[PDB]
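Structure, as structure tokens:
Every residue, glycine as well, gets a Cβ built from its backbone with ideal geometry; the counts of neighbours run over all protein chains shown. What follows is calculated from the coordinates using simple rules that are stated; it is not laboratory data.
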Ligand SMILES: *[C@@H]1O[C@H](CO)[C@@H](O[C@@H]2O[C@H](CO)[C@@H](O[C@@H]3O[C@H](CO)[C@@H](O)[C@H](O[C@H]4O[C@H](CO[C@H]5O[C@H](CO)[C@@H](O)[C@H](O)[C@@H]5O)[C@@H](O)[C@H](O)[C@@H]4O)[C@@H]3O)[C@H](O)[C@H]2NC(C)=O)[C@H](O)[C@H]1NC(C)=O
Ligand SMILES: C[C@H]1O[C@H](O[C@H]2[C@H](O)[C@@H](O)[C@@H](O[C@H]3[C@H](O)[C@@H](O)[C@@H](O)O[C@@H]3CO)O[C@@H]2CO)[C@H](O)[C@@H](O)[C@@H]1N[C@H]1C=C(CO)[C@@H](O)[C@H](O)[C@H]1O
Ligand SMILES: *[C@@H]1O[C@H](CO)[C@@H](O[C@@H]2O[C@H](CO)[C@@H](O)[C@H](O)[C@H]2NC(C)=O)[C@H](O)[C@H]1NC(C)=O
Ligand SMILES: *[C@@H]1O[C@H](CO)[C@@H](O[C@@H]2O[C@H](CO)[C@@H](O)[C@H](O)[C@H]2NC(C)=O)[C@H](O)[C@H]1NC(C)=O
Ligand SMILES: *[C@@H]1O[C@H](CO)[C@@H](O[C@@H]2O[C@H](CO)[C@@H](O)[C@H](O)[C@H]2NC(C)=O)[C@H](O)[C@H]1NC(C)=O
Ligand SMILES: *[C@@H]1O[C@H](CO)[C@@H](O[C@@H]2O[C@H](CO)[C@@H](O)[C@H](O)[C@H]2NC(C)=O)[C@H](O)[C@H]1NC(C)=O
Ligand SMILES: *[C@@H]1O[C@H](CO)[C@@H](O)[C@H](O)[C@H]1NC(C)=O
Ligand SMILES: *[C@@H]1O[C@H](CO)[C@@H](O)[C@H](O)[C@H]1NC(C)=O
């Protein structure tokens with residue numbers, strides 16, 4: 001059946017994703033160490049960059065795939081732990097890492113892990129959640145499989161910063177997952193709820209204090225505001241002229257998936273009534289929008305895009321969203337079987353009447369095979385198959401999943417070999433089988449208070465250190481090269497200043513200059529010093545001497561201010577202003 005030709009595409013998708021990940025990635029030449037590229041397409045659209053969302057979302061698949069079957073994925077997982085451990089410290093246009101921990105929200109870096117200076121929709125506030133959720137789903141396996149040390153000592157201090165970010169900044173606005181609307185997004189809030197609830201449980205079992213986990217009830221309280229009568233508005237707290245119907249909604253449910261949960265829960269699961277009623281109106285608008293969905297019935301899946309007002313490269317359906325729309329049904333079908341009950345609410349009745357004509361407002365219970373409960377279950381999973389069916393049509397023969405496939409003609413376009421779309425296909429294919437990840441602890445989640453309160457506890461941000469080894473003394477240090485004309489020996493002189501990095505007026509901790517390009521023509525000593533930005537550093541060169549002779553300072557103290565964070569790599573040009581004393585002979 002179709003089961004064969006999606007099992008083959010899953011295997012292609014593994015390589016498609018893995019080839020985009022450095023260092024040993026076939027698709028990406030350049031830059032490695034555990035940084036996942038979204039797409040190798042350097043040609044427009046230029047997607048040759050690492051997105052902290054895409055990186056953390058595709059690696060969540062890799063970890064969950066690693067849990068069942070593949071063990072060679074451990075190599076790329078453990079480089080990612082090193083990668084993001086470093087990436088944390090990288091000062092970027094959103095902000096620096098230390099003082100308030102603002103730089104973690106920056107969505108996009110170079111395939112290196114150097115800053116992306118260009119203009120962008122920042123901050124995005126969801127990467128920290130997905131990166132926490134990724135590392136928490138790996139570290140909670142390590143504690144279960146007799147490697148507690150790694151989870152506690154090295155992986156945790158990465159997570160500690162990322163859910164400190166969520167604790168401190170959930171209630172301030174950001175950009176949505178589509179990098180467009182500067183507003184409180186549903187996908188961003190629902191995933192960063194999970195990062196506190198699941199993060200609190202791992203903090204408990206590791207035996208450490210999660211700063212930021214406090215806000216889990218208040219984040220869940222605010223998540224109730226997104227619902228809107230018939231459907232769920234994805235971006236709340238702005239007016240951008242959009243409906244609110246958005247793939248954002250589906251992608252939030254599938255990425256915050258739990259099997260032990262019931263549809264009663266206020267975390268808004270795939271099987272929850274309001275989420276089903278959204279899926280109806282959301283998929284029905286795309287059923288009517290695109291020419292591809294010309295007269296497809298109400299009981300059959302269709303090409304799903306991101307929103308009705310989408311204009312990005314035509315306003316098309318997306319591969320990752322159309323697969324996630326199937327996964328949404330495969331999540332819901334599993335949850336009803338898991339909890340053995342279907343309380344079909346009148347708010348969610350419009351969903352079921354398409355799939356099963358003779359539904360009511362009953363509590364359908366897990367009875368016989370061929371009973372009504374099983375018939376609804378077998379119809380919903382059949383409805384899920386039609387979403388992957390129409391996906392299989394517009395997926396090409398060689399299996400190259402792009403970002404989008406065209407609105408009208410259905411041929412592929414946009415970024416070629418998108419890592420998300422491969423991962424989203426794998427996440428879907430897992431859920432077709434019984435391969436569900438784990439209970440992140442939705443039942444143990446603290447329910448929302450009586451009234452919501454605007455709040456955010458200020459978390460603290462220590463470097464990962466054990467994972468990746470930056471260890472930052474202070475925020476955004478800029479490079480500055482001292483050069484000095486000093487006539488002396490052609491090889492084998494120091495520099496001190498009022499700053500701590502230089503010395504603070506002592507010659508034991510003074511920085512030694514190298515005589516690399518010293519010549520008769522140009523007697524240059526030099527030293528590239530990474531020291532703090534925005535400081536009027538008062539420096540002075542000094543000469544160390546042979547046969548235990550004392551040090552010889554220059555006659556005057558120089559001062560030149562090092563420029564502010566975010567570039568301007570200055571190089572000073574001084575000469576020796578004082579007497580070069582007596583040389584040695586001993
Ligand atoms: C930080 O957290 C705090 C809470 O901890 C957040 O504060 C809450 O923000 C909510 C969203 O702005 C707000 O909800 C609305 O409150 C007003 C009254 O102030 C209600 O009238 C609204 O209900 C009505 O509208 C909804 C949706 O219908 C449409 O209309 C609204 C605009 O009115 C649109 O936003 C929406 O897109 C829809 O098109 C209906 O479903 C209702 O039936 C009703 O008609 C909302 O509930 C909370 O009141 C507010 N709470 C407090 C205590 O301040 C804060 O926003 C958050 N900030 C960030 C950045 O995350
Ligand atoms: C890849 C991204 O492209 C689109 O958005 C970005 C634009 O391409 C850029 O031009 C830039 O826009 C800024 C203007 O240049 C600047 O003049 C100023 O007005 O600010 C603008 C931004 O506010 O940055 C845009 C992003 O903010 C497109 O709208 C967006 O959806 C695209 N993102 C997708 C790509 C990936 C790849 O990993 C996914 O992470 C996202 O979910 C996708 O939505
Ligand atoms: C487990 O992961 C490995 C990658 O580490 C997969 O290996 C690829 O398998 C395909 C099979 O068609 C080959 O064509 C590739 O050449 C393999 N690549 C490498 C680098 O080994 C493997 O298929 C995965 N297995 C399962 C069961 O998921
Ligand atoms: C696999 O199929 C994809 C379908 O996208 C091929 O990508 C196209 O490659 C050609 C090369 O000339 C480009 O002109 C097209 O623009 C690409 N497609 C898109 C959507 O941009 C890919 O080359 C194929 N790989 C093979 C046959 O090895
Ligand atoms: C990271 O660097 C700082 C200094 O920039 C180190 O801080 C010292 O920590 C030790 C205890 O481990 C204290 O006794 C010192 O007083 C601290 N300050 C200084 C200025 O030395 C810190 O230990 C480093 N961390 C790692 C893991 O190497
Ligand atoms: C340090 O020595 C270098 C020697 O090159 C000086 O740089 C030269 O300065 C002269 C000024 O007459 C220029 O004509 C040359 O083109 C410069 N050469 C280079 C390589 O820069 C420099 O000015 C000296 N600095 C101080 C502070 O005395
Ligand atoms: C270095 O000296 C300058 C003199 O203007 C001063 O402003 C600055 O604060 C000093 N920095 C120190 C002592 O770290
Ligand atoms: C200037 O340098 C001398 C070196 O001995 C030092 O003692 C003095 O404190 C410095 N003064 C300033 C203002 O930098």
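Of the helices (runs of 4 or more DSSP H) lying entirely inside region 1-118, those carrying at least 3 residues that are within 14 Å of the chain's Cα centre (by Cα) are 52-67, 74-87. Residues considered: 465, 519. Of these, the only one that is on the phi > 0 side of the Ramachandran plot and either surrounded by fewer than 18 Cβ atoms within 10 Å (Cβ to Cβ) or within 16 Å of ligand 3 (Cβ to nearest atom) (or both) is 465.
For region 411-432, check the following and say yes or no: at least one residue is within 29 Å of residue 50 (Cβ to Cβ), in contact with a helix residue (DSSP H, G or I) (Cβ under 7 Å, 6 or more places away or on another chain), in a loop (DSSP other than H, G, I, E, B) and more than 16 Å from ligand 7 (Cβ to nearest atom). Checked region 411-432: at least one residue is within 29 Å of residue 50 (Cβ to Cβ), in contact with a helix residue (DSSP H, G or I) (Cβ under 7 Å, 6 or more places away or on another chain), in a loop (DSSP other than H, G, I, E, B) and more than 16 Å from ligand 7 (Cβ to nearest atom).
The number of residues in region 35-75 being surrounded by fewer than 19 Cβ atoms within 10 Å (Cβ to Cβ), under 16 Å from residue 85 (Cα atoms) and more than 10 Å from ligand 3 (Cβ to nearest atom) comes to 0. Would you be able to say whether some residue in region 150-159 is under 12 Å from residue 196 (Cα atoms) and under 19 Å from the mean Cα position of the chain (by Cα)? Yes, some residue in region 150-159 is under 12 Å from residue 196 (Cα atoms) and under 19 Å from the mean Cα position of the chain (by Cα). The residue pairs whose first member lies in region 386-398 and is under 15 Å from residue 409 (Cα atoms), whose second member is in a loop (DSSP other than H, G, I, E, B) and within 14 Å of ligand 4 (Cβ to nearest atom), and whose beta carbons are closer than 8 Å, counting only pairs six or more residues apart or on different chains, are 393/410; 394/410; 394/411; 395/401.
Residue count for region 369-410, restricted to those that are in contact with a strand residue (DSSP E or B) (Cβ under 9 Å, 6 or more places away or on another chain), under 14 Å from residue 291 (Cβ atoms) and assigned to a loop (DSSP other than H, G, I, E, B): 3.
Just one of (1) part of a helix (DSSP H, G or I); (2) out of contact with any strand residue (DSSP E or B) (no Cβ under 9 Å at 6 or more places or on another chain); (3) crowded, with 24+ Cβ neighbours inside 10 Å fails for residue 270. It is (1). Please work out if residue 584 is more than 16 Å from ligand 1 (Cβ to nearest atom), in contact with a strand residue (DSSP E or B) (Cβ under 9 Å, 6 or more places away or on another chain) and part of a loop (DSSP other than H, G, I, E, B). Spelling it out, it is not the case that residue 584 is more than 16 Å from ligand 1 (Cβ to nearest atom), in contact with a strand residue (DSSP E or B) (Cβ under 9 Å, 6 or more places away or on another chain) and part of a loop (DSSP other than H, G, I, E, B). Per this entry, residue 123 is counted among residues that are closer than 17 Å to residue 174 by Cβ and not in a helix (DSSP H, G or I). The set of residues in region 276-288 that are under 18 Å from residue 248 (Cα atoms) and out of contact with any strand residue (DSSP E or B) (no Cβ under 7 Å at 6 or more places or on another chain) comprises 276, 279, 280, 283, 284, 285, 287. The combined condition, being more than 24 Å from the chain's Cα centre (by Cα) and either surrounded by fewer than 19 Cβ atoms within 10 Å (Cβ to Cβ) or outside any helix (DSSP H, G or I) (or both), is fulfilled by residue 288. Within region 302-329, the set of residues being in a loop (DSSP other than H, G, I, E, B) and within 19 Å of residue 401 (Cα to Cα) comprises 302, 303, 304, 306, 315, 316.
Screening residue 419 with (1) closer than 25 Å to residue 288 by Cα; (2) in contact with a strand residue (DSSP E or B) (Cβ under 8 Å, 6 or more places away or on another chain); (3) crowded, with 20+ Cβ neighbours inside 10 Å gives one miss only, at (1).
When region 494-516 is filtered for residues that are over 20 Å from residue 570 (Cβ atoms), crowded, with 17+ Cβ neighbours inside 10 Å and away from ligand 8 (no atom under 16 Å from the Cβ), only 515 remains.
Okay, residues lined up against (1) over 24 Å from residue 443 (Cα atoms); (2) within 19 Å of the chain's Cα centre (by Cα); (3) more than 16 Å from ligand 8 (Cβ to nearest atom); (4) buried (at least 17 other Cβ atoms within 10 Å of the Cβ):
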position: 171; (1), (2), (3), (4): no, yes, yes, yes
position: 175; (1), (2), (3), (4): yes, yes, yes, yes
position: 196; (1), (2), (3), (4): no, yes, yes, yes
position: 207; (1), (2), (3), (4): no, no, yes, no
position: 221; (1), (2), (3), (4): no, no, yes, yes
position: 228; (1), (2), (3), (4): yes, no, yes, no
position: 232; (1), (2), (3), (4): no, no, yes, yes
